[PDB]
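A.B. asks: this one is an experimental structure. Sequence first:
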Amino acid sequence: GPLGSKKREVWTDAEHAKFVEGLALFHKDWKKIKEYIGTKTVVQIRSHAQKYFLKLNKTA
């Protein structure tokens, strides 16, 4: 885990895609995602937890 190191609340492109796992583990439950990435608030997760859905496509 973070081992008490200070973490940024703001996302990164590699950090984002850890959320994309919790969408399966917790199933539409942002109040559990913030633990998987580590010590996050739900604020940036809730606004990005809408963004994953926008990319979904029936052409792959």
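C.D. replies: Sure thing, it's come through. Numbering: from 1, shown residues only.
A.B. asks: who touches the closest residue to residue 33 other than its chain neighbours in this structure?
C.D. replies: The shortest distance from residue 33 to any residue other than its chain neighbours is 3.9 Å, reached at residue 22 (Cβ to Cβ, 6 or more residues apart in numbering). No exception for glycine: its C-beta is placed from N, CA and C like everyone else's. For residue 22, the contact set (Cβ atoms under 8 Å, 6 or more residues apart in numbering) comprises 32-33, 36-37.
A.B. asks: would you mind measuring from residue 22 to residue 29?
C.D. replies: 8 Å (Cβ to Cβ, to the nearest Å).
A.B. asks: buried subset of the contacts of residue 22 as a PyMOL selection?
C.D. replies: The following PyMOL line selects those of these that are buried, judged by 16 or more other Cβ atoms under 10 Å:
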select buried, resi 33+37
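A.B. asks: how far out from the middle of the chain is the helix or strand containing the residue nearest to residue 33?
C.D. replies: Secondary structure assignment for residue 22, by DSSP states H and E: helix 13-25. In this view, helix 13-25 has its centroid 5 Å away from the chain centroid, taken as Cα atoms, centre = their mean, to the nearest Å.
A.B. asks: kindly report the same for stretch 26-46.
C.D. replies: 6 Å.
A.B. asks: span of that stretch from start to end?
C.D. replies: 14 Å (Cα to Cα, to the nearest Å).
A.B. asks: could you do stretch 25-41 as well?
C.D. replies: One end of stretch 25-41 sits 18 Å from the other (Cα to Cα).
A.B. asks: quick one, helices of the chain?
C.D. replies: Using DSSP state H, the helices of the chain run over residues 13-25, 30-37, 43-55.
A.B. asks: any chance of these in a markdown table, plus distance to residue 1?
C.D. replies: Shown next, in a markdown table, are those (distance: least, Cβ to Cβ, whole Å):
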| stretch | distance to residue 1 |
| --- | --- |
| helix 13-25 | 12 |
| helix 30-37 | 9 |
| helix 43-55 | 17 |
